[PDB]
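# Overview (structure and organization)
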Amino acid sequence: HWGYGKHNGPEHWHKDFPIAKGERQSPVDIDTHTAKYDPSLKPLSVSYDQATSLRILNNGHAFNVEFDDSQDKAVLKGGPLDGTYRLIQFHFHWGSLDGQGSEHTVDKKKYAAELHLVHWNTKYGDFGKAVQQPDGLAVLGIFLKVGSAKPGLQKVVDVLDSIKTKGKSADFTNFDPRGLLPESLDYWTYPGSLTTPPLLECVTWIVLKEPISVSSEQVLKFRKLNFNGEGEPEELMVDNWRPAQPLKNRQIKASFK
Ligand SMILES: [Zn+2]
């Protein structure tokens, strides 16, 4: 099955998932000079005060912090979005070295990692239905650079020892995703896809301009995770990012000048 190795990584995905070569694939390089300031964009609204985290799961390609999305407790709206999108999970993509790991790039620069907060459009009633729609998801992307610690990430880092291998889950309640956000909500936005199979073209990407900084120890702990299940041969969960895909017939919009 698909993965990030030599024989099953991104360049192979198209064989099972032909949309890999589609017209609105993600991620992309964000050419900051070619992005268009868009005045019709409304302010972005991130309402996470009532978020209910439930669990953390190693799914064999990343770890997801999952939320209760059975009510409007943690929602994204505004910006380029019509309507209300509920937070279902967040996860990261990261590198084996600090010089790579992000999926999106900014003027070809790679960050050490990238946080994805995955939301679905409440008009479609659940995540499974939403991913089948062209406006089904909104993913808020935040770049991580290595420097000072991010205190708000530490609770995540500390539980990773409990979900080292594929299939492991652990209770993860009362985590506040507001501690992972940078000061500024300035963003680029464009229409794209899931960056993991099934690669469905259902995502409005909202990528924040301002990275968060995390410590070297914090990202090191990500790199101790395993793609494999317990008792299978150990392969460190690193470089779980898809490279930048062709922009094709798309223009990236910016909320700022
Ligand atoms: Zn992702």
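Numbering of residues starts from 1 on every chain and follows the order in which that chain's sequence is written, so it may differ from the entry's own numbering; residues lacking coordinates are left out. Excluding hydrogens and water, the side-chain figures rest on all heavy atoms present in the structure.

Right, let's get into the UniProt feature "binding site: Zn(2+)" in the protein. UniProt positions are given in the numbering used here, feature names are shortened, and annotations may be inferred rather than shown by experiment. Residues annotated in UniProt with the feature "binding site: Zn(2+)" correspond here to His91, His93 and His116. A maximum C-alpha distance of 8.1 Å places the annotated residues, which cover 26 residues in sequence, within one compact spot. Helix and strand definitions here come from DSSP, where helices need a minimum of 4 consecutive H or I residues and strands a minimum of 2 consecutive E residues; each element is numbered from the N-terminal end. Mapping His91 onto the fold places it in strand 7 (residues 85-94). Only protein chains enter the calculation, and the probe is 1.4 Å; a residue is then buried if its accessible area is under 20% of its type maximum, exposed if over 50%, and partly exposed in between. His91 gets classed as buried once you look at its relative accessible area, which sits at 11%. Among residues more than four places away in sequence, those in contact with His91 are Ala62, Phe63, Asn64, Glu114, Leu115, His116 and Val118. Polar contacts, as used here, are pairs of N or O atoms within 3.5 Å; protein pairs need one atom able to donate a hydrogen and one able to accept it. Residues neighboring in sequence count only if both atoms are side-chain atoms. Within polar-contact distance, the side chain of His91 engages the side chain of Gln89 at 2.9 Å. Examined against the element boundaries, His93 turns out to sit in strand 7. Excluding anything up to four places from it in sequence, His93 contacts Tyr4, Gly101, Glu103, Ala113, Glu114, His116, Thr195, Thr196, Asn240 and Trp241. Any two residues whose heavy atoms approach within 4.5 Å are treated as being in contact.

A few words on the UniProt feature "binding site: substrate" in the protein. Mapped onto this structure's residue numbering, the UniProt feature "binding site: substrate" falls at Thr195 and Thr196. Note on placement: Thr195 falls in the loop between strand 12 (187-192) and strand 13 (203-208). The residues touching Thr195, leaving out its near neighbours within four places in the chain, are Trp13, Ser26, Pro27, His93, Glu103, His116, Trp205 and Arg242. At a separation of 2.7 Å, a polar atom in the side chain of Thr195 contacts the side chain of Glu103. Position of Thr196 among the secondary structure elements: in the loop between strand 12 and strand 13. Residue class for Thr196 comes out buried when judged on its relative accessible area of 15%.

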